[PDB]
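Participant: Let me begin by handing over the structure; questions about it come next.
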Amino acid sequence: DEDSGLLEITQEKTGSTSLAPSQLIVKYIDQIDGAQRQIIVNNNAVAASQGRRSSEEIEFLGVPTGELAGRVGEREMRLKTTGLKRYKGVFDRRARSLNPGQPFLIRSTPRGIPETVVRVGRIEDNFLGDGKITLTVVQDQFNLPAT
Amino acid sequence: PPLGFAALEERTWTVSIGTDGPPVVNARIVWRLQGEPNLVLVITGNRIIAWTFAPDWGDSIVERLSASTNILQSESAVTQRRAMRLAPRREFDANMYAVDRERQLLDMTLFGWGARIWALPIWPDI
Amino acid sequence: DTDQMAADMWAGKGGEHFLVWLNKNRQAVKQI
Amino acid sequence: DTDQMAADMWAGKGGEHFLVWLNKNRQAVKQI
Amino acid sequence: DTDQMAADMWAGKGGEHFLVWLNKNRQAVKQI
Amino acid sequence: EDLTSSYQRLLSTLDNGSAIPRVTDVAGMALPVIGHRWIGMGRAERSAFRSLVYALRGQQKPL
Amino acid sequence: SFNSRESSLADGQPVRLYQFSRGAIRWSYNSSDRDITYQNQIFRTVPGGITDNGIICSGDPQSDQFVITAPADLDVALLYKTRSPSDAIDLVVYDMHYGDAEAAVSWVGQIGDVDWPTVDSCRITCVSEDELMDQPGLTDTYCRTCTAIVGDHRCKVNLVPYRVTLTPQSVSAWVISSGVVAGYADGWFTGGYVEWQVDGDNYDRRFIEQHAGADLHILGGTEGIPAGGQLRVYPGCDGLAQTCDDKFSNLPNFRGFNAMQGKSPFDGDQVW
Amino acid sequence: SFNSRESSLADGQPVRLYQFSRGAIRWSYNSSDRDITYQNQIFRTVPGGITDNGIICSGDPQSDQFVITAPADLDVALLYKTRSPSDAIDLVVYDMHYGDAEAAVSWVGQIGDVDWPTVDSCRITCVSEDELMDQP
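Residue numbers (the entry's author numbering), protein chains in the order written: chain o, 246 to 392; chain U, 127 to 252; chain A, 1126 to 1157; chain C, 1126 to 1157; chain B, 1126 to 1157; chain r, 379 to 441; chain g, 2 to 273; chain O, 2 to 137.
Pasting the structure below:
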């Protein structure tokens, strides 16, 4: 927090939702026969929003089964169409022990940002000299469904 | 150096250390004798020249104490302080004069020694 | 004058403006 | 000091000199 | 003001700092 | 007008870090600096001074 | 108290410690103006200060370097002035506050590059272990030679019996000559390396371009080789199966493919 | 004496000469304030000066260009104002010191590009023969 170890938060990157796909094509290889196979992950709501159809192709040749490919494709669609908010905060020494991928909470009442869960990204810190510890974080929207 | 030592005789030389030499004393004097491993007498130290000029004080002498402390504050009026220097660097400013045999000595002193460590007396602590 | 403020300015301030300038002019800079 | 003259200088003046510097050094900048 | 010190500074001084800035930020600059 | 003399040295690279500074004499030589003033009081002296200035060609020709 | 001091708003007394280690030899430096004793180790104070530029962890080895600045007379960096030491100088960075006996480890890595930009300063570029993943990983070829370094974990050949300890007879700019090796057939030592003790338990090693009679051709010149110091010389394997078996009798571990097939496909045009 | 003057610590009087040649027609210019006679050739003094940016030899034709600066009324560059001459204008650069009759050749090439950035100045980009190897 501002009084708990946060110096200044500059970037917000609220993003947009009218853009981003409405249909996702996942291509995988079946190890039983080694033949190319694909599955389709659909986005009906954003498709209705989109006046023009859009689609992208992602290759996951490491996936040996269709269900696993579907799970990872759902995760990718979740990430790509949920509208992540990317913050670039400035912290004091209180954020010294953080490591990449470590989630933590940030609160700043003046900015109108409630308690939000974010995951650490790029890290740049200056222990000696300027004393500036600056972190780049992203909203927590990563999860691999089991079904 | 060639010197025969009488039995049960101790010969105490007079090691005279002069005032002229490099600012860094890196000496390795070797006492090499037959049938005995080399016994090198290593002399180490530094050579410094003291500032022996009394500065005029009609204008007050200014002593400056400086330290480094980089502080960053958040959006709220809260400050975290990170004092860097534990021992503040001390600077002295003064004016001086030289007329009778001190002007030439000062010229030579700042000519030869130039930018090197001095032994500055504390004038305010006279 | 042109020593501490002209070059050391790149430390943490003159980077964002240079990056936005780069995203402004791309075809004119990307080659040569 | 290092705010309006260090970054906003990119507006229309510091571009040509940067471009000629780029065409000067290419192999040393083109990678990394 | 912003003529001789803002652009001609690239002559021989503002190059090393720009190069270290480039080696600092690569993924954020390498594309666009 | 009272004039001044100074001993300019190539004493750069002070390397002031965090604990203490240290200065290394790159050449260990001092080049004195001297100021000069004069009064013409005539045409011949002024012509001679102009000839000297032309001969100097700035800092090129020493003396 | 280290964490408590870090959170403290008035007791901040940062001090960064560097520890350069190479086997049994350790170099300790501190950025303060007085020596610091920590874990029974005293860190010397460099007259001029030692400072870095910051720690970056962005996942890219090329960009996440660590830079150290020190004067020209730094002892640890002075080794690189003539030739880089064979072994890597591991570096560990601690953080502690004056008056406290507790320190926290911040950065761990090895020396990547060093240069002396000015006669009064140095710049040391330290690299992390992550950069060592940029090189290829194929490390597999179907050729006729061994494709293995003599003595590596794949050859499984013990070179200790073949160790030869000798004092060189004469040392020249590019050739080191000794009469003891004159008793071996030409090319016996070709491909081998010479290891000798520099300090403590650390050895600096060089190569042998070619071995002919009593003269050994050293790769990169004989600079840095002591004229009377004890030298240990190992042989070299040409890699051929005949060479591997006759000399070392390591044919069972031979990794090469001499005459299994060079071209033969089963989907060609005409078998005859 | 050219080399001796270059090594001299007090006789340095640099002067750069440019010679633009196209078959039987030659244009001579000098960077000083008075005409210089060399090899029975007199180099005109441009009222405003002619200066370059430096010589780079790094092995890359794209980067090792040579740039010349001259006023708007330069005769040799005036040909390019309407249409580029069909033939290439070879350029040879000499270096000599005032008071000496000896000069040293520094740069040789041909006109690569010319533009008039200001009504009082010009910028001529000269290219070396090495750039002609980039085409298939």
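Note that the Cβ used here is the ideal one computed from N, Cα and C, for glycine as well.
Use the C-beta contact count for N251 of chain g: other C-beta atoms within 10 angstroms, 16 or more gives buried, fewer gives exposed.
Facilitator: Looking up residue 251 of chain g in the seventh sequence gives position 250. Per the 10 Å Cβ criterion, buried.
Participant: Rounded to whole angstroms, how far is the Cβ of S396 of chain r from the Cβ of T52 of chain g, which I believe are closer than 8 angstroms?
Facilitator: Within the sixth sequence, residue 396 of chain r is the residue found at index 18, counting from 1. Within the seventh sequence, residue 52 of chain g is the residue found at index 51, counting from 1. Indeed, because the Cβ distance is near 6 angstroms, the residues count as touching under 8 angstroms.
Participant: So, helix, strand or coil for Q256 of chain o, using DSSP?
Facilitator: Taking the first residue of the first sequence as position 1, residue 256 of chain o is located at position 11. Reduced to three states, the DSSP call for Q256 of chain o is strand.
Participant: Within 10 angstroms of the Cβ of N31 of chain O, are there 16 or more other Cβ atoms? Answer buried if so, exposed if not.
Facilitator: Numbered from its first residue, the eighth sequence carries residue 31 of chain O at position 30. Answer is buried; the Cβ neighbour count reaches 16.
Participant: Would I150 of chain g pass as a contact of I69 of chain g if the rule is Cβ separation under 8 angstroms?
Facilitator: Here residue 150 of chain g corresponds to residue number 149 of the seventh sequence, with the count starting at 1. Here residue 69 of chain g corresponds to residue number 68 of the seventh sequence, with the count starting at 1. Result no, Cβ atoms of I150 of chain g and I69 of chain g do not sit closer than 8 angstroms.
Participant: Just verifying my parser: in three-state terms, what is the DSSP assignment at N203 of chain g?
Facilitator: The residue you call residue 203 of chain g lines up with position 202 of the seventh sequence. It is a strand residue.
Participant: Does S390 of chain r come within less than 8 angstroms of chain U when only Cβ atoms are used?
Facilitator: As a first step, residue 390 of chain r is located in the sixth sequence; it is residue number 12 there, counting from the start. Chain U, which has no Cβ nearer than 8 angstroms to the Cβ of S390 of chain r, makes this no.
Participant: Kindly list the residues whose CB is nearer than 8 angstroms to the CB of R27 of chain O, restricted to its own chain and excluding five residues on each side of it in sequence; keep chain order.
Facilitator: What you label residue 27 of chain O is simply residue 26 of the eighth sequence in a count that begins at 1. Same-chain partners within the cutoff: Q20, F21, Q42.
Participant: Sorted by chain position, which residues of the same chain lie with C-beta nearer than 7 angstroms to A265 of chain o's C-beta, five sequence neighbours on each side aside?
Facilitator: By one-based count along the first sequence, residue 265 of chain o stands at place 20. Excluding residues within five positions, the ones whose Cβ falls inside 7 angstroms are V291, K325, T326.
Participant: Using a Cβ cut-off of 9 angstroms, pull out every chain O residue sitting near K1138 of chain C, in sequence order please.
Facilitator: One-based indexing of the fourth sequence puts residue 1138 of chain C at position 13. Going along chain O, no residue has its Cβ under 9 angstroms from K1138 of chain C, so there is no contact; the nearest lies around 14 angstroms.
Participant: Using 8 angstroms as the threshold, is the C-beta distance between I303 of chain o and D337 of chain o below it?
Facilitator: Here the question's residue 303 of chain o lines up with position 58 in the first sequence. Here the question's residue 337 of chain o lines up with position 92 in the first sequence. Against a cut-off of 8 angstroms, the Cβ pair of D337 of chain o and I303 of chain o comes out as no contact.
Participant: I'd like to know if the region 1139 to 1150 of chain B and the region 181 to 197 of chain U are in contact, where contact means that at least 3 CB-CB pairs between them fall below 8 angstroms.
Facilitator: Contact between the region 1139 to 1150 of chain B and the region 181 to 197 of chain U is absent, because fewer than three Cβ pairs lie under 8 angstroms.
Participant: Specify, as a first and last residue, the run of the beta strand (DSSP E) that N287 of chain o falls within.
Facilitator: As a working note, residue 287 of chain o is residue 42 in the first sequence. First-last of the beta strand (DSSP E) with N287 of chain o: 280 to 287.
Participant: DSSP state of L159 of chain U, grouped into three classes?
Facilitator: Counting from one through the second sequence, the residue named residue 159 of chain U turns up at place 33. Three-state DSSP puts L159 of chain U in a strand.
Participant: Taking CB distances under 8 angstroms as the criterion, tell me whether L324 of chain o reaches chain U.
Facilitator: Position 79 of the first sequence, counted from the first residue, corresponds to residue 324 of chain o. No, because no Cβ of chain U sits closer than 8 angstroms to the Cβ of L324 of chain o.
Participant: Need the endpoints of the alpha helix (DSSP H) that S425 of chain r sits in, please.
Facilitator: Taking the sixth sequence and counting its residues from 1, one reaches residue 425 of chain r at position 47. Run containing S425 of chain r: 421 to 434, per the alpha helix (DSSP H) assignment.
Participant: So what's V151 of chain g in DSSP terms, helix, strand or just coil?
Facilitator: The residue given as residue 151 of chain g occupies position 150 in the seventh sequence. In the structure shown, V151 of chain g sits in coil (DSSP, three-state: anything other than H, G, I, E or B).
Participant: Starting from the C-beta of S300 of chain o, find all residues in its chain whose C-beta is less than 8 angstroms away, skip the five residues before and the five after it, and write them out in chain order.
Facilitator: Working through the first sequence from its first residue, we reach residue 300 of chain o at position 55. Excluding residues within five positions, the ones whose Cβ falls inside 8 angstroms are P266, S267, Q268, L269, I270.
Participant: Examine the Cβ distances between the region 145 to 155 of chain U and the region 163 to 171 of chain U and report whether three or more of them are shorter than 8 angstroms.
Facilitator: Result yes; three or more Cβ-Cβ pairs closer than 8 angstroms.
Participant: To the nearest angstrom, how far is the alpha carbon of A1136 of chain C from that of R339 of chain o?
Facilitator: Along the fourth sequence, read from residue 1 onward, the residue named residue 1136 of chain C stands at position 11. Along the first sequence, read from residue 1 onward, the residue named residue 339 of chain o stands at position 94. Their Cα atoms are separated by approximately 38 angstroms.
Participant: Please confirm whether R208 of chain U has its beta-carbon closer than 8 angstroms to some beta-carbon of chain o.
Facilitator: Within the second sequence, the letter at position 82 stands for residue 208 of chain U. Chain o, which has a Cβ nearer than 8 angstroms to the Cβ of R208 of chain U, makes this yes.
Participant: Mapping the DSSP letters down to three states, classify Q1152 of chain B as helix, strand or coil.
Facilitator: For this step, residue 1152 of chain B is matched to residue 27 along the fifth sequence. The answer is helix: DSSP assigns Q1152 of chain B an H, G or I state.
Participant: Taking Cβ positions, are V362 of chain o and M322 of chain o nearer each other than 8 angstroms?
Facilitator: As a working mapping, residue 362 of chain o is identified with position 117 in the first sequence. As a working mapping, residue 322 of chain o is identified with position 77 in the first sequence. Not a contact, by the Cβ cut-off of 8 angstroms.
Participant: Would you say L198 of chain U lies against chain o (beta-carbon separation less than 8 angstroms)?
Facilitator: If you number the second sequence from 1, residue 198 of chain U lands on position 72. It does; some Cβ of chain o falls within 8 angstroms.
Participant: Name the residues in the region 48 to 77 of chain O whose C-beta lies less than 9 angstroms from a C-beta of chain C; which are they?
Facilitator: Taking 9 angstroms as the Cβ-Cβ cut-off against chain C, the residues of the region 48 to 77 of chain O that qualify are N54, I57, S59, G60, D61, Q63, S64, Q66, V68.
Participant: Of all the beta strand (DSSP E) runs that stay within the bounds of the region 190 to 225 of chain U, which reach a length of 3 or more residues?
Facilitator: Runs found: 195 to 199, 205 to 209, 215 to 219.
Participant: Write down the C-beta distance between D96 of chain g and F372 of chain o rounded to the nearest angstrom, noting that I regard them as a contact closer than 8 angstroms.
Facilitator: Numbered from 1 along the seventh sequence, position 95 holds the residue referred to as residue 96 of chain g. Numbered from 1 along the first sequence, position 127 holds the residue referred to as residue 372 of chain o. About 6 angstroms; that satisfies the 8 angstroms criterion.
Participant: Using a Cβ cut-off of 8 angstroms (strictly closer), state whether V204 of chain U contacts chain o.
Facilitator: Taking the first residue of the second sequence as position 1, residue 204 of chain U is located at position 78. Interface residue, yes.
Participant: If you compare alpha carbons, which of o:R320, o:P359, o:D248, o:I351 is closest to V365 of chain o?
Facilitator: In the first sequence, the residue the question calls residue 365 of chain o occupies position 120. The shortest C-alpha separation from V365 of chain o is found at o:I351.
Participant: Ordered along the chain, which non-local residues of its own chain (more than five positions away) have a Cβ less than 8 angstroms from that of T119 of chain g?
Facilitator: Residue mapping note: residue 119 of chain g aligns to position 118 of the seventh sequence, counting from 1. Contacts found: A73.
Participant: In this structure, what does DSSP give as the bridge partners for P410 of chain r?
Facilitator: On the sixth sequence, position 32 is the one that residue 410 of chain r refers to. Answer is r:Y385, bridged to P410 of chain r.
Participant: What residues from chain C crowd round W1135 of chain B, counting only those whose CB sits closer than 7 angstroms?
Facilitator: Taking the first residue of the fifth sequence as position 1, residue 1135 of chain B is located at position 10. Under the 7 angstroms cutoff, chain C gives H1142, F1143, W1146.
Participant: Mind the definition here: the region 417 to 427 of chain r touches the region 48 to 66 of chain g only if three or more C-beta pairs lie below 8 angstroms; say whether that holds.
Facilitator: No, they do not touch.
Participant: Does the count of Cβ pairs from the region 147 to 166 of chain g and the region 255 to 267 of chain g closer than 8 angstroms reach three?
Facilitator: As far as the Cβ criterion goes, the region 147 to 166 of chain g touches the region 255 to 267 of chain g, which means the pair count is three or higher.
Participant: Less than 8 angstroms between the C-beta atoms of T223 of chain g and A174 of chain g, yes or no?
Facilitator: Within the seventh sequence, the letter at position 222 stands for residue 223 of chain g. Within the seventh sequence, the letter at position 173 stands for residue 174 of chain g. It is a contact, given that the beta carbons lie within the stated cut-off.
Participant: Provide the residue span of the alpha helix (DSSP H) that contains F237 of chain U, from first to last.
Facilitator: Here residue 237 of chain U is taken as the residue at index 111 of the second sequence, counted from 1. Element bounds for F237 of chain U: 228 to 238.
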